[PDB]
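K.L.:
Before I ask anything, let me first share the structure, which is written out below as structure tokens.
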Amino acid sequence: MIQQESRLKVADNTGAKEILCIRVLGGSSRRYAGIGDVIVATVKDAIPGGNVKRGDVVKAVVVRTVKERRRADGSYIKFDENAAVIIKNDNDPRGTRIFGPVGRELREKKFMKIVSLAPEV
Amino acid sequence: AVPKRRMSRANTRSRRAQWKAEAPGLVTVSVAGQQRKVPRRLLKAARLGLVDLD
Amino acid sequence: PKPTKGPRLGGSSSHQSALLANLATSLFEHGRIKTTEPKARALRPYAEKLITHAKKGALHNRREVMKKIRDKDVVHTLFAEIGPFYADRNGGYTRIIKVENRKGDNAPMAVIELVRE
Amino acid sequence: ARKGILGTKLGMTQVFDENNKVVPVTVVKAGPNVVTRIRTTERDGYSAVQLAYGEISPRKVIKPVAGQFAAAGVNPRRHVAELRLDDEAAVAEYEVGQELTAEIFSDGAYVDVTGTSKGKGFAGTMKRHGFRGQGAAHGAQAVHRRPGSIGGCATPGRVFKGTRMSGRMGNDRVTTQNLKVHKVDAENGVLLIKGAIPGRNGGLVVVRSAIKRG
Amino acid sequence: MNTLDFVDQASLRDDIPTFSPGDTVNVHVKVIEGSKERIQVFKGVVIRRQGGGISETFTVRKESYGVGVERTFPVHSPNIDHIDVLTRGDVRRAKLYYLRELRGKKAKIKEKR
RNA sequence: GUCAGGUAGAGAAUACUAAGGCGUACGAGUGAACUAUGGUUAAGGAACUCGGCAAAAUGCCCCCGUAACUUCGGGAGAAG
RNA sequence: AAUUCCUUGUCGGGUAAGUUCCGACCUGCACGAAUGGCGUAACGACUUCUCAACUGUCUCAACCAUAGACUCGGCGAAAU
RNA sequence: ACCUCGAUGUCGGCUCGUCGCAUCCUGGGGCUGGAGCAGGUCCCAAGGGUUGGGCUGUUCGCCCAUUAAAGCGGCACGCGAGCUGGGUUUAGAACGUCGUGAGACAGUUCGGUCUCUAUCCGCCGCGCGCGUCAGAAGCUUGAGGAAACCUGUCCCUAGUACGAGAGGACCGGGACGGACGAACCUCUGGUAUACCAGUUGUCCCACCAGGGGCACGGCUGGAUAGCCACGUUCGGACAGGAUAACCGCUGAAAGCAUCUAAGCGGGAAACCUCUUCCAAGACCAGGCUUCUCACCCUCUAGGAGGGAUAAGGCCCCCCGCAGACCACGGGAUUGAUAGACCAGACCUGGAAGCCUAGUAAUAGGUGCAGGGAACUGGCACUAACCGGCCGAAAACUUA
Ligand SMILES: [Mg+2]
Ligand SMILES: [Mg+2]
Ligand SMILES: [Mg+2]
Ligand SMILES: [Mg+2]
Ligand SMILES: [Mg+2]
Ligand SMILES: [Mg+2]
Ligand SMILES: [Mg+2]
Ligand SMILES: [Mg+2]
Ligand SMILES: [Mg+2]
Ligand SMILES: [Mg+2]
Ligand SMILES: [Mg+2]
Ligand SMILES: [Mg+2]
Ligand SMILES: [Mg+2]
Ligand SMILES: [Mg+2]
Ligand SMILES: [Mg+2]
Ligand SMILES: [Mg+2]
Numbered sequence: 001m002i003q004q005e006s007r008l009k010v011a012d013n014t015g016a017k018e019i020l021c022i023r024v025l026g027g028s029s030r031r032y033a034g035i036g037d038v039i040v041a042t043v044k045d046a047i048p049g050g051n052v053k054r055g056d057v058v059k060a061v062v063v064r065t066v067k068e069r070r071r072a073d074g075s076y077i078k079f080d081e082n083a084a085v086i087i088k089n090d091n092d093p094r095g096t097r098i099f100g101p102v103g104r105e106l107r108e109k110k111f112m113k114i115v116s117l118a119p120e121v
Numbered sequence: 002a003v004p005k006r007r008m009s010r011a012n013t014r015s016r017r018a019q020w021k022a023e024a025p026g027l028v029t030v031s032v033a034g035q036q037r038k039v040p041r042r043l044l045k046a047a048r049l050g051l052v053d054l055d
Numbered sequence: 002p003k004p005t006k007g008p009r010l011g012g013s014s015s016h017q018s019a020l021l022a023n024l025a026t027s028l029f030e031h032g033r034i035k036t037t038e039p040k041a042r043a044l045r046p047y048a049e050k051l052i053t054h055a056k057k058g059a060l061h062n063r064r065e066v067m068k069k070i071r072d073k074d075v076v077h078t079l080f081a082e083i084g085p086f087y088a089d090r091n092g093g094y095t096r097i098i099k100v101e102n103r104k105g106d107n108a109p110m111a112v113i114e115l116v117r118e
Numbered sequence: 002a003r004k005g006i007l008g009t010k011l012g013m014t015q016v017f018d019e020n021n022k023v024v025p026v027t028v029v030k031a032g033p034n035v036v037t038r039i040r041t042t043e044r045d046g047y048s049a050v051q052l053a054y055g056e057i058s059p060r061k062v063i064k065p066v067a068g069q070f071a072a073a074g075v076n077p078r079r080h081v082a083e084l085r086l087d088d089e090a091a092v093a094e095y096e097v098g099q100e101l102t103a104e105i106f107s108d109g110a111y112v113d114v115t116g117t118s119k120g121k122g123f124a125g126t127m128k129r130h131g132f133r134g135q136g137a138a139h140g141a142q143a144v145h146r147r148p149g150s151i152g153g154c155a156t157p158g159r160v161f162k163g164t165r166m167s168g169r170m171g172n173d174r175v176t177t178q179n180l181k182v183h184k185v186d187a188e189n190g191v192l193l194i195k196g197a198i199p200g201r202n203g204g205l206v207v208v209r210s211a212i213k214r215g
Numbered sequence: 001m002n003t004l005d006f007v008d009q010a011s012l013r014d015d016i017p018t019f020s021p022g023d024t025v026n027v028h029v030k031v032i033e034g035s036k037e038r039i040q041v042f043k044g045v046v047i048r049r050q051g052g053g054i055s056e057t058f059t060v061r062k063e064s065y066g067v068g069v070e071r072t073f074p075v076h077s078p079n080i081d082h083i084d085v086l087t088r089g090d091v092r093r094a095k096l097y098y099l100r101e102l103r104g105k106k107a108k109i110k111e112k113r
């Protein structure tokens, strides 16, 4: 359940180590953002000499959350590390390669690129 | 919070009459040949003699 | 042994267990106890469970009885004298009666006894 | 038109749809119901049908209810409810002594259940109306869970009759509308209402045809 | 007695192989990737099993790419078609939650030899 | 002001206990809200607040290793 | 600037966001050399900011045991 | 300065709301220097919503993400017998200035007790007594009140209408979103003070083993039941009647004209039904049914009084997810209402003993073993008892 002022790892090759969610989108006032939800964050720590650096506000899709997420068939999914992937302007993974797994919930729409880039699920 | 005015005699007695008691129901019991009144709650104990009768 | 579902009988926790243990001991020792209504009510199932353990007592049950009762003589008599005396009764060995209240605190008083038949 | 029957809330369970989707349902024992009385416009002034539910021995039934059931021509029951229809043309479909069962509802339909919600006793404002608790630190002087202010300084005088305050919640009649009837088992006269209906287990409830989606 | 047994047994699932928490197991789950009913394999260790009759569930933990994933499934769910237990587990607890902080040599569990 | 037992513990602190002294003076029940002391908690982890205010966090014995500065003692039990 | 009313003076750093904080510019209403001018190694239950952990302060509230509140028996005030 | 200095506690922040539209949006309409999207202006419309953070006490204001919106005001610049004390406005001390001085500076800076057991009205819920012309028991129409009224993304129409191009529709439908509220434990989690297992210190049951008290339930791994949300469903309607702005139809006064003077229409989240709840103390005290529908005594028969009864109710008692008490619901020997016992589901992890391998801790068969409270079905083994109290008709007029 990612919300405002929540730190979370980045799964990409953009240098950003961990970002900090600012506010959730897709609603007037959304408290939490589960798997497949886009949010705005700011790079708090990145690899020296990377594309993005500390202080650059960007957008990222919430994937690989920690809290349990229920499916339509009664199953549940939960990871051990709150992560996300920095998305491009409209809809695209900012980067070239993903490292950690991704939740199948991303398959809703417009995330086929991320689903194919993620080497799992 | 303190009483501003003096409660009237009627306003006092109307509620003071509520501070009453309810008499308990009695039951006739034959013990040692004599009949005596004991509530139904202690009726069972009256037969065995676990209820002192002054 | 059902939870009291509310404020315990004897002050705070860790005391109701000892109270029930002492009450069951006194009951199994004397054959009749006179206590408060709620105390006897809470003791009824405790005493019945102890009596069932005694009935089933062949081994490993003396330990279950001793982990709750401390009087060795009381445990011995409960295991020997009572023993199979209730081997035919399929439960309900403790009879509860209500008596007149005592002075001072108007606490409903009850009396527990062991059915003899 | 507006079908209806009385049942009992047994418990909630899960079922699986044809597409491998989980569905939480509630089992309602819509047992047989006897039609006792038919209130018409000329007799009372409205179209309604009285249904009975629950088994009861003839010893416990009361003499007035016993005489009423005798005049109706059926045996006594525990609970008695009444369903108010919309017209005499619809109320004419029911007759005294008729027996209704769970066959009156088909799979996939929508119903509106009515029951008596559970009782929570004297619950505070935070539990009654979802009030927002105050600060638990920074000097809170015994205001952790009370609402606090109540109205205007000196203009209103009264406290605007109808304010949300502490009291006894629950234990009132509630109606959950637009519940999907998953399945109807005729062998046992049971319905699988999609969702959670009000009322405790083993409590009487009234299922009726939906109004907004009937 | 499970009063609602007369409604649960109608949908209960048979051919459920015996399994306990701590035993290595792989489950085959049906998925639809763009109108294509395929079978995905998920291999791991059963960390718990909450008994609820028809609602009985079981969770499996798997380490992949240095990241742990806990997947919970209902035992009698229809989306499953195979639950193969590869090696039994010799554990003491009933809900192996403590495995959420072990890695590799520490996360290993014994087997019933 | 004087007696200073034992068990772990560096210890007259801490937990229990030997002899000794007490259950001390209103009591019995009731899962109401609420008042005050503790226990627990999925996710965020100071985002509440003027203010990390209160709780929590590091906390003990043996070792590797400890910066800027400095009046050369210290910082230092630094940190890890 | 515990000194500046104009002032949230201007630049750089910190946070995505800083009337707070640090250095500099000097336009010193109304700093200034024993009512001392420039800080200090160590230090302060003196004030402020930031940094890693941490937690119910908060999102967001939820339950458990105690003494009251609640019922019973006895005693039995109060300010107005 | 007209009550108030023999006391009306002053600014912000938290909880709590109430009311107006000079309306931020949602809704409708007129004019546009309105080709369309996107805009400017006006009229009606308050049913609903009107975010989270950094600065500074702050109100206010700036900035960061959004959002159809981050609206203006009254209610002692709402709310301290609800809270906070950050500042203002006590007592201490310092900076700069003022005065030879004690001291002062709507200049600054560090700190600086927030009292009261609710008397009456007001409010949230629950009882007692009586009335509804005999005592009651069931099912209900219902005046009159309470509850909700939010809204965004994408996909067809249609890359069509429009438009040189860029750009880009109204209307009509479909799918999916955020918030609020109701229900529930079915899934996931939080709580489990008589539940299971590991363990440090200590004492004890003579001693080993096995157990018990204390140190937060001593600490954790959990933990079925009730409750809860972080979990699952459900409400926002559709439709009908009359309207504000507006658009109109036939039409004179005034041979034409005109939405009006006589009439007839469309017209919005506004108004009333329509969705949920309460409601016959609604004193017009309601309506449809059923049971009892009969016994004595005194006053001097005018009426009244007492006693005893039928249905019914209540008292005592075992209990509930019903509950502060009260009250509600089930039962009471013609009974599974509760306690116990058996069995099932479920929780916990492999119990005491024997034997084996190991000098040793420890592991292995007896063992899905032992233990357990809420969930369920049987079983009268135990308690609902040989038991007590209230409780039923003046009469008269018209048809
Ligand atoms: Mg407090
Ligand atoms: Mg006031
Ligand atoms: Mg004393
Ligand atoms: Mg309590
Ligand atoms: Mg927490
Ligand atoms: Mg955590
Ligand atoms: Mg502190
Ligand atoms: Mg900050
Ligand atoms: Mg000076
Ligand atoms: Mg000096
Ligand atoms: Mg008293
Ligand atoms: Mg005065
Ligand atoms: Mg207007
Ligand atoms: Mg309306
Ligand atoms: Mg803030
Ligand atoms: Mg001073």
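From first to last, the protein sequence lines stand for chains L, 3, O, D and Q.
Final position of the first sequence in the authors' numbering is 121; the numbers increase by one with none missing.
Final position of the second sequence in the authors' numbering is 55; the numbers increase by one with none missing.
Final position of the third sequence in the authors' numbering is 118; the numbers increase by one with none missing.
Final position of the fourth sequence in the authors' numbering is 215; the numbers increase by one with none missing.
Final position of the fifth sequence in the authors' numbering is 113; the numbers increase by one with none missing.
By construction, the Cβ of each residue, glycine as well, lies at the ideal position given by its N, Cα and C atoms.
Does the beta carbon of residue 139 (chain D) fall short of 7 Å from some heavy atom of ligand 1?
P.N.:
no
K.L.:
Note down, in chain order, all residues in the stretch 77-99 of chain O with a beta-carbon under 7 Å from any beta-carbon belonging to chain 3.
P.N.:
98 and 99
K.L.:
Pick from 47 (chain 3), 18 (chain 3), 19 (chain 3) and 20 (chain 3): whose alpha carbon is nearest that of residue 30 (chain 3)?
P.N.:
Taking only the C-alpha atoms, the option nearest residue 30 (chain 3) is 47 (chain 3).
K.L.:
Verify whether the separation of the beta carbon atoms of residue 70 (chain L) and residue 103 (chain L) is less than 8 Å.
P.N.:
no
K.L.:
Figure out for me which residue from 16 (chain Q), 59 (chain Q) and 43 (chain Q) has the closest Cα to the Cα of residue 49 (chain Q).
P.N.:
59 (chain Q)
K.L.:
Quick one: grab the DSSP three-state call for residue 71 (chain Q).
P.N.:
strand
K.L.:
My assumption, with CB atoms under 8 Å, is that residue 117 (chain D) sits in contact with residue 200 (chain D). Please give the rounded CB distance.
P.N.:
5 Å
K.L.:
Hey, would you say residue 55 (chain L) sits closer than 8 Å to residue 108 (chain L), going by beta carbons?
P.N.:
no
K.L.:
Distance cutoff 8 Å, beta carbons only. Does residue 118 (chain O) sit that close to anything in chain 3?
P.N.:
At a cut-off of 8 Å between beta-carbon atoms, residue 118 (chain O) makes no contact with chain 3.
K.L.:
Would residue 65 (chain Q) count as contacting chain L if we go by Cβ distances under 8 Å?
P.N.:
yes
K.L.:
Along the stretch 69-82 of chain L, where does the CB come closer than 7 Å to a CB of chain Q? Name the residues.
P.N.:
73, 74, 75, 76, 77, 78, 79, 80 and 81
K.L.:
Step through the CB atoms of chain D and report whether any lies within less than 8 Å of the CB of residue 42 (chain Q).
P.N.:
no
K.L.:
In three-state terms, what does DSSP make of residue 53 (chain Q)?
P.N.:
helix
K.L.:
Counting only runs that start and end within the stretch 3-62 of chain O, where is the beta strand (DSSP E) found for 3 or more residues in a row?
P.N.:
Fully enclosed beta strand (DSSP E) runs of 3 or longer: 33-37.
K.L.:
Evaluate contact between the stretch 77-94 of chain D and the stretch 47-57 of chain D, counting only Cβ atoms and requiring at least three cross-stretch pairs below 8 Å.
P.N.:
yes
K.L.:
Run down chain Q in chain order and give the residues with a C-beta less than 8 Å from the C-beta of residue 17 (chain D).
P.N.:
Neighbours of residue 17 (chain D) in chain Q, taken as residues at a C-beta separation under 8 Å, are given in chain order as 11, 77 and 78.
K.L.:
Our contact map puts residue 66 (chain Q) next to residue 80 (chain L) with C-beta atoms below 8 Å; I'd like the distance itself, whole angstroms only.
P.N.:
No, residue 66 (chain Q) and residue 80 (chain L) are not in contact; Cβ-Cβ is about 10 Å, not under 8 Å.
K.L.:
Given that a residue counts as buried once 16 or more other Cβ atoms are within 10 Å of its Cβ, and exposed if not, what is residue 18 (chain O)?
P.N.:
exposed
K.L.:
Would you say the stretch 119-128 of chain D touches the stretch 146-163 of chain D, given that touching needs at least three Cβ pairs under 8 Å?
P.N.:
Counting C-beta pairs closer than 8 Å gives three or more between the stretch 119-128 of chain D and the stretch 146-163 of chain D, which meets the contact rule.
K.L.:
Of all the options 2 (chain Q), 13 (chain Q), 9 (chain Q) and 3 (chain Q), which has the alpha carbon lying nearest to the alpha carbon of residue 79 (chain Q)?
P.N.:
13 (chain Q)
K.L.:
Does DSSP put residue 102 (chain O) in a helix, in a strand, or in coil?
P.N.:
coil
K.L.:
Verify the CB distance criterion: does residue 186 (chain D) have a CB-CB separation below 8 Å to chain Q?
P.N.:
yes
K.L.:
Here's the rule I'm using: 16 or more other beta-carbon atoms within 10 Å means buried, otherwise exposed. How should residue 16 (chain Q) be labelled?
P.N.:
exposed
K.L.:
Residue 171 (chain D) and residue 120 (chain D): beta carbons closer than 8 Å?
P.N.:
yes
K.L.:
Please give the ranges of any beta strand (DSSP E) in the stretch 10-92 of chain D, keeping only runs that are unbroken, at least 3 residues long and fully inside the region.
P.N.:
23-29, 34-40, 49-54 and 80-85
K.L.:
Tell me whether the beta-carbon of residue 44 (chain 3) lies closer than 8 Å to the beta-carbon of residue 28 (chain 3).
P.N.:
yes
K.L.:
Hey, residue 97 (chain L) and residue 88 (chain L): beta-carbon distance below 8 Å or not?
P.N.:
no
K.L.:
If you measure from the beta carbon of residue 38 (chain O) to each beta carbon in chain 3, is any gap under 8 Å?
P.N.:
No, residue 38 (chain O) does not count as interfacial toward chain 3.
K.L.:
Residues in the stretch 92-103 of chain L with C-beta within 8 Å of chain Q's C-beta atoms, listed in sequence order?
P.N.:
99, 100 and 101
K.L.:
So for residue 86 (chain O), helix, strand or coil by DSSP?
P.N.:
helix
K.L.:
Report the start-end ranges of each beta strand (DSSP E) in the stretch 33-117 of chain L that is 3 residues or longer and not cut off at the edges.
P.N.:
37-46, 57-63, 76-79 and 83-87
K.L.:
By the DSSP assignment, the beta strand (DSSP E) with residue 195 (chain D) in it spans what residues?
P.N.:
191-195
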